[PDB]
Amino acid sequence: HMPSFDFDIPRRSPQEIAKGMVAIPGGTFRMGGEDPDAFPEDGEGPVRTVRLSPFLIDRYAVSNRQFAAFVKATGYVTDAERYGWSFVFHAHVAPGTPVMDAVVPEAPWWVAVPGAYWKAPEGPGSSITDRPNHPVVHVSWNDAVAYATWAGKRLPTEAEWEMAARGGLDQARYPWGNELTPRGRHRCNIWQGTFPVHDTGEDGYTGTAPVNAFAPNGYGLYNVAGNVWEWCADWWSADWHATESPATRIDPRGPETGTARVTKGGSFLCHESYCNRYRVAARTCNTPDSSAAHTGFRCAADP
């Protein structure tokens, strides 16, 4: 990829870049999944052994406060601001908020809201005054890459994201193990109840939670499952990684071309009865200038 910005890249020290990041040592892990219920079109399989070079990854998704500092320093204008609208979940649109008639096919719970963007996540009249440490949302893949570059970082590859999110467990279902609520404790912010009609908020949240909510995984990462989808560097495909080659098994970068970029981790909207996509092997995609109220990102860096 070859982006273009209108801000210069500031000088930063290695110690500044690494703050809030964890160092993932070089090694191998088993990537992918073989859940019999996985949707074939998602390409969760095959399970494969992947070798990665050492890397750093953020413990937390990028927060509103952090994104605000980036915008302050650079004047960056997000894709949602250029387009003038972004996607908001229907239950979060205040009555009377002007909305577009647009329909996401198959997903009528998404509303295109003029003026929804990172600082007004439910549209005109909303703000982030009470959400400084929540993940920034309504950021597109372009916005994420812009922030990461300004920060001296990059987006993780899908393999880096998954190795870090798995937190040192071999082929577990979730970042922490195989049970969704071990000991009856919620471990992530997803949907409870009847999707898309009623979210009971059993886990504490019916929208985003602070980036440090719930316990971390074994490597110290928070909210890799649930909360917000997280953009990765890779172009999406369902089958590039089915090939067995150095390109797909050693520091894999994904296909060299595509139309949508990978997103990992699930969000506060995911539920077993609909998408079941909060498992750590799960994956989907979105086009790179798209933005939504349930999608953010975390950064990685070469050491």
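Residue numbers run from 1 along the displayed sequence. We call the rigid core the largest set of C-alpha positions that still match within 1.5 Å between the two forms.
Novice: After superposing on the rigid core, which of 33-41 and 247-255 has its C-alpha atoms sitting farther from this form in 8 other deposited structures of this protein?
Specialist: Per-stretch check in 8 other deposited structures of this protein: the more divergent one is 33-41.
Novice: Comparing 103-111 with 161-169, which has C-alphas lying farther from the shown form in 8 other deposited structures of this protein once the core is aligned?
Specialist: Looking at 161-169 and 103-111 in 8 other deposited structures of this protein, the bigger mover is 103-111.
Novice: Output the stretch having the higher mean C-alpha B factor in the entry; the candidates are 31-39 and 273-281.
Specialist: The deposited B-factors put 31-39 ahead on the C-alpha mean.
Novice: What stretch has the higher average Cα B-factor here, 64-72 or 260-268?
Specialist: Between 64-72 and 260-268, it is 64-72.
Novice: Between 228, 94, 232, 139, let me know which has the highest C-alpha B-factor in the entry?
Specialist: In the PDB entry, the greatest C-alpha B-factor among 228, 94, 232, 139 is found at 94.
Novice: Of the choices 211, 99, 165, 159, which one's C-alpha carries the largest B-factor in the record?
Specialist: Of the candidates given, the C-alpha B-factor peaks at 99.
Novice: Ranked by Cα temperature factor within the chain, is residue 184 in the lowest third, the middle third or the highest third?
Specialist: Top third by C-alpha B-factor.
Novice: Ranking every modelled residue in this chain by its Cα temperature factor as given in the entry, which third contains residue 2?
Specialist: Within its chain, residue 2 is a highest-third residue by C-alpha B-factor, going by the deposited values.
Novice: Split into thirds by Cα B-factor across the chain's modelled residues, where does residue 255 land: lowest, middle or highest?
Specialist: Answer is middle: the recorded C-alpha B-factor places it there.
Novice: Comparing residue 13 with the other modelled residues of its chain, is its CA B-factor in the lowest, middle or highest third?
Specialist: Within its chain, residue 13 is a highest-third residue by C-alpha B-factor, going by the deposited values.
Novice: Based on the deposited C-alpha B factors for this chain, I'd like to know if residue 83 is in the lowest, middle or highest third.
Specialist: As the PDB entry reports it, the C-alpha B-factor of residue 83 lands in the highest third of its chain.
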